[PDB]
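Following my numbering, the residues of the sequence shown are numbered contiguously, the last one being 196. The structure appears below as structure tokens.
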Amino acid sequence: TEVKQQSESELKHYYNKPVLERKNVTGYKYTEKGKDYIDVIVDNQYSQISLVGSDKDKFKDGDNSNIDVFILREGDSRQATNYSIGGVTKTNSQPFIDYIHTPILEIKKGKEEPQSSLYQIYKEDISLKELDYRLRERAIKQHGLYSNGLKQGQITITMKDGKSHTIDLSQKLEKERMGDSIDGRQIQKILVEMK
Ligand SMILES: [Cl-]
Ligand SMILES: [Cl-]
Ligand SMILES: [Cl-]
Numbered sequence: 002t003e004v005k006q007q008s009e010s011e012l013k014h015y016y017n018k019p020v021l022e023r024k025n026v027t028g029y030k031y032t033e034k035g036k037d038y039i040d041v042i043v044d045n046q047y048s049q050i051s052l053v054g055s056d057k058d059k060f061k062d063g064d065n066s067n068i069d070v071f072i073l074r075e076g077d078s079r080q081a082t083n084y085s086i087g088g089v090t091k092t093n094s095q096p097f098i099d100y101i102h103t104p105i106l107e108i109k110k111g112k113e114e115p116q117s118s119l120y121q122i123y124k125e126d127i128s129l130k131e132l133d134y135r136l137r138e139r140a141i142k143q144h145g146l147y148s149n150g151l152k153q154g155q156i157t158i159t160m161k162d163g164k165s166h167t168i169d170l171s172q173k174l175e176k177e178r179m180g181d182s183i184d185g186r187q188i189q190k191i192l193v194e195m196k
């Protein structure tokens with residue numbers, strides 16, 4: 002496989018970027034030069050979010066006032082406006098406002114045995130962008146991922162129906178998958194393997 006070996010410094014820097022997340026907000030969806038975007042104001046901060054992939058046809062044009070956003074600034078720039086990719090999901094329904102789901106979370110480092118950790122899911126519609134960032138954040142902070150040459154491995158998200166979502170730790174998550182979302186009520190097990 003002829004894939005660019007991402008520097009662990011690059012992966013550390015990207016996955017340490019501050020996150021802007023808000024639930025039940027308004028975004029205005031539009032198409033600009035054949036590409037789909039959603040604009041959101043959070044605390045007088047402007048974000049333009051690319052809807053590339055599946056999320057492209059999930060939102061209606063114009064006002065979407067039932068959304069949750071997980072915003073990460075792409076690039077290193079002086080521009081005030083945030084440019085983020087995916088992480089736009091449907092907000093929880095009223096019966097599910099206080100919703101908590103605790104899937105199994107295990108983190109395995111090298112040849113060591115997996116270590117269980119408490120992980121809480123609050124969303125019915127959760128993006129791979131959010132799960133990817135938050136699981137890599139835990140692996141970085143507690144198990145030294147992207148330090149001392151620890152740059153390889155996998156994230157495995159297993160659903161109640163047996164379907165699995167795998168994320169390669171040696172690369173950033175695929176831009177197309179940042180807009181993909183799964184049923185948070187259906188996440189059973191999570192494994193973060195580092196090598
Ligand atoms: Cl997937
Ligand atoms: Cl990509
Ligand atoms: Cl992509």
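The C-beta atom is built at its ideal place from N, Cα and C for all residues, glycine as well.
In chain order, what residues of the same chain lie with their CB nearer than 6 Å to the CB of residue i, ignoring the 5 residues before and after it?
i           : result
residue 47  : 82
residue 136 : 156 and 193
residue 22  : 71
Along the chain, where does the beta strand (DSSP E) that runs through residue i open and close?
i           : result
residue 105 : 105 to 110
residue 166 : 165 to 169
residue 23  : 20 to 33
residue 4   : Per DSSP, residue 4 belongs to no beta strand (DSSP E) and is neither H nor E.
Please find out if some non-hydrogen atom of ligand 3 comes closer than 8 Å to the beta-carbon of residue i.
i           : result
residue 107 : no
Does the Cβ-Cβ distance between residue i and residue j come in under 9 Å?
i           : j           : result
residue 50  : residue 100 : no
residue 68  : residue 27  : yes
residue 117 : residue 107 : yes
residue 122 : residue 159 : no
residue 177 : residue 54  : yes
residue 42  : residue 30  : no
residue 164 : residue 104 : no
residue 181 : residue 56  : yes
Identify which residue in the options has its Cα closest to the Cα of residue i.
i           : options             : result
residue 138 : 5, 20, 8 and 6      : 20
residue 150 : 23, 110 and 78      : 110
residue 90  : 192, 11, 25 and 8   : 25
residue 133 : 39, 97 and 88       : 88
residue 179 : 80, 70, 162 and 105 : 70
residue 102 : 8, 119 and 52       : 119
residue 199 : 58, 74, 161 and 14  : Since the first and last residues shown for the chain are 2 and 196, residue 199 lies out of range.
residue 77  : 162, 17 and 35      : 17
Quick one: what's got a C-beta closer than 8 Å to residue i's C-beta in the same chain, skipping five residues either side?
i           : result
residue 195 : 108, 109, 110, 111, 140, 144, 146, 151, 153, 154 and 170
residue 125 : 91, 93, 94, 97, 100, 184, 185 and 186
Check whether the Cβ of residue i lies closer than 8 Å to any heavy atom of ligand 1, and answer yes or no.
i           : result
residue 169 : no
residue 14  : no
residue 129 : yes
residue 186 : no
residue 178 : yes
residue 181 : yes
residue 166 : yes
Residues in the same chain with beta-carbon distance under 7 Å from residue i, minus the five sequence neighbours each way, listed in chain order, please.
i           : result
residue 166 : 129, 158 and 183
With respect to 8 Å, is the separation between the Cβ of residue i and the closest non-hydrogen atom of ligand 2 below this value?
i          : result
residue 75 : no
Just reading off the alpha helix (DSSP H) that residue i is part of, what are its end residues?
i           : result
residue 133 : 129 to 144
residue 9   : 9 to 16
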